[PDB]
Protein chains: 2
Amino acid sequence: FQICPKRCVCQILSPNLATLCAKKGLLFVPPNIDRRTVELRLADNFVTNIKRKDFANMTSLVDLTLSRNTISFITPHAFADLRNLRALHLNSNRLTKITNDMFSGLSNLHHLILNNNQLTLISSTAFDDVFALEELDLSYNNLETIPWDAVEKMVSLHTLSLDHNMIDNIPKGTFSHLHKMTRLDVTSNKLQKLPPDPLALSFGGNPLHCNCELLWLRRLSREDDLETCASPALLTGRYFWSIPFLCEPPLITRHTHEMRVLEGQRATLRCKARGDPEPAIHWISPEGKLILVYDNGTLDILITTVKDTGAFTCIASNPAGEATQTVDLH
Amino acid sequence: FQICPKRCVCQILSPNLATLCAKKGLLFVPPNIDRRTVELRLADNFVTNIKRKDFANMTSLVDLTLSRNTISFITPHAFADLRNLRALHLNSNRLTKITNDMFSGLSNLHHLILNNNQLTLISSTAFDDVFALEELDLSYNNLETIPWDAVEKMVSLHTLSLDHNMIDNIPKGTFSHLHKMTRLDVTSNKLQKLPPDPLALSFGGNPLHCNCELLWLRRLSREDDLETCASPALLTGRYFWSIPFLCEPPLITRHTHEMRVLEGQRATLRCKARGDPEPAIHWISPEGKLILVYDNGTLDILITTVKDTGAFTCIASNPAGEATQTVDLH
């Protein structure tokens, strides 16, 4: 009568004790859960908040189920004492953000399931303690990015599911360190490009920008999962097609009218250049390169020192090539 | 070759023409869809935006499927020309709000399916044109309220699914006008009370406040769907239990210290009263009731006219009874 809460069913076999509370119409975690429990099933319930005291001394706890719940909040160090937790199920809940201290102390955690959650953000340090992970399920969320750097340190990781979210891009470093990697799912995300990395990848629901940039993936010999394009004259055609897949090199449409300038003025020289992909505007002083500047492609430096009031050159550049245009100063 | 888009399969039987585009990896609605189509299947695709021009002259269109898509936006009058649409599937998408002009002109619409969407708000007039509805599926959303008034005018409505959302309350008028009503699902919502209305209702995932207020539902003879309480000493017990289910009548814990007042001052007299449910604070002038006031339970009137500077009475009241306390003015 003491080892099992009145709402729960639970069985003992040899050393192991399981606690089964799934589909009990529970509103919170029963506190009478024996701290010797190895298995905890709390799925199909209605818990909204995880207090600290809920899993205070579950040293023996290996598997936890909190699937299909109404969870919106988890106390900062609720999972801290779970040094043995191998798998944690938090799928089908109402969590909006993964906090920094949420998954602290989960060194043995190999399976993290957070699919079907309303996730927008993840605090960067959130995945620093779960470095052991084999499976990371972040599908069916509103994510634009995940802590990519923290992931590079999951060296035993084999599945990273990111399907049905809004991921803009994947950094080029990516999974170089993850050698045991098997599956990567990026279907149904707002992705225009994919980084040229050395290769099971699924990416069929993305608004692909088909440039000479996404050519490496076209050159590859893989199955058609109905990938479709959103580039200029390719806005509808199924991706796996004829390679003419061409870029528009940089071209300076607008440039600063030749100006004499004045002493003691923060001179602004705008450089407009069109291309596919958008060119990187770089600035050059008369006989010397520059490193202030603006993302758009404009230069601004205070007092306009007469020491360097010569021919200023603006360089537009993308993989298709370069473009040059000069602007006066006297 | 003209009646069917190249990505779609479609069949003709007698007068009826169906267009089948499900699971085609589409990013937008093909414009080459024949305006004679009676059935349109676009489920299992990746459309984000519904342009006006997509369904411009689908006079014959009866059923539309846009299930399992990435839809975040639908142009204000996209469905206006669908005078024959009987059912519309918008489940499993990324819509956040139902706008005023979204479902305009859907007079024949009997089935509106919007489950599994990230819905927060609904503009009040949104359901004014869909008065014919038989089925309204708003499950698996983030809703706190729906246009209840607009619903009262769905007199042929038989199913209203509101499960797995965050509904705070249901107005007391409710479904008096809806006589053909069969099922109401309010499971897994943040509901403390249910209005005493004349009776298939499911409500098993709510943080019930068990007062003498929710007694009518306890007195009823219905099946246990594992309903649980969150009242003072009943915070865990399964709802279907012993009726002692008691209220705490109103009691004025704090009251305004007897004051003489001054001429030309906006006199503020606070009246604090505790109860279960919270009492309604009402004010009474010496020999005359009042109708300014504050929600908390405070009175404030400018210039403090000497005409009524007598004994002011404060009344706290809930279903369990009344409470009285006097405050001076001279």
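For neighbour counting, all protein chains shown are included, and Cβ atoms are generated from backbone atoms with ideal geometry for every residue, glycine included. None of the figures in this text is laboratory data; all of them are computed from the coordinates on show.
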As a test of the definition: which semi-axes, in Å, follow for the stretch B:10-57 when you take the square root of five times each eigenvalue of its alpha carbon gyration tensor? Largest first, please.
20, 14, 7
Give the total of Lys-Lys pairs in chain B with Cα-Cα distances below 23 Å; include a pair only if its members are 8 or more places apart or on different chains.
19
So for chain A: antiparallel DSSP bridges make up what percent, rounded to the nearest 5?
50
Say each of B:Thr120 and B:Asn169 gets a label point 7 Å from the Cα, pointing the same way as Cα to Cβ; how far apart are those two points in nm?
2.3
Quick one: putting +1 on the C-beta of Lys and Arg, -1 on the C-beta of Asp and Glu, what dipole do you get for the protein assembly as shown around its Cα centre, in Debye to the nearest 20?
660
In Å, what is the Rg of the alpha-carbon atoms in chain B, and how long is Dmax?
27.4, 92
Run the paramagnetic zone check for B:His330: 7 angstrom along Cα to Cβ, then residues of the stretch B:290-315 with backbone nitrogen under 11 Å.
B:310-311
Kindly write out, for the stretch A:34-49 in residue order, the coupling ³J(HN,Hα) from the Karplus curve 6.51 cos²θ - 1.76 cosθ + 1.60 (θ = phi - 60°), rounded to whole Hz, with x marking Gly and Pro.
4, 5, 8, 4, 9, 10, 10, 10, 10, 4, 6, 10, 10, 5, 9, 10
Using only Cα atoms, what Kirkwood radius does the stretch A:187-271 have, in angstroms?
15.9
Which whole number gives the average, over all residues in A:225-234, of C-beta atoms from other chains lying within 10 Å of the residue C-beta?
2
Neighbour counts of other C-beta atoms within 10 Å: give me B:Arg266, B:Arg83 arranged from fewest to most.
B:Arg266, B:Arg83
Please list the three semi-axes, largest first and in whole Å, of the ellipsoid equivalent to the stretch B:282-330, using sqrt of 5 times the eigenvalues of its alpha carbon gyration tensor.
21, 13, 8
Counting other beta carbons within 10 Å of each residue's own, what order do A:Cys4, A:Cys314 fall into, fewest first?
A:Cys4, A:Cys314
Need the full-extension length gain, A:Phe1 to A:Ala56, defined as separation in residues times 0.36 nm minus the C-alpha distance. One decimal, nm.
17.7 nm
A:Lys153 and A:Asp225 label points (each 7 Å along its Cα→Cβ direction) are spaced in nm at 2.9
Using each residue's phi in the stretch A:132-137, evaluate 6.51 cos²θ - 1.76 cosθ + 1.60 at θ = phi - 60° and report the 3J(HN,Hα) Karplus result to the nearest Hz, with x for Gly and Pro.
7, 2, 9, 10, 10, 9
How large is ³J(HN,Hα), in whole Hz, for each residue of the stretch A:214-227 in order, when computed from phi with the Karplus curve 6.51 cos²θ - 1.76 cosθ + 1.60 and θ = phi - 60°, using x for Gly and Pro?
9, 5, 4, 7, 6, 4, 4, 10, 9, 6, 7, 10, 6, 4
Can you list residues whose amide H is under 5 Å from B:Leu143's amide H, if they're 5+ apart or on another chain and H is modeled 1.01 Å from N?
B:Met166
Amide H of B:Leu251 versus every other amide H placed in the peptide plane: which residues, excluding those fewer than 5 positions away on the same chain, fall under 5 Å?
B:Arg274
Divide the volume of the convex hull of the Cα atoms of the stretch B:213-330 by its number of residues and quote the answer in cubic angstrom per residue.
121
Asserting the computed 222 nm helical MRE of chain B (DSSP H runs at least 4 long, -39500 (n - 2.57) per run, divided by residue count, to nearest 500) equals -500 deg cm²/dmol
Calculated P(r) tail over 51 Å for the protein assembly as shown, as whole % of Cα pairs
32
Amide H contacts under 5 Å for A:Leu121, restricted to residues at least 5 apart in sequence or on another chain and with H modeled in the peptide plane, are A:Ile98
In the stretch A:1-78, the chymotrypsin sites (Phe, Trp or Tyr not before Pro) that sit in a DSSP loop and have at most 12 other Cβ atoms within 10 Å of their own Cβ are A:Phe1
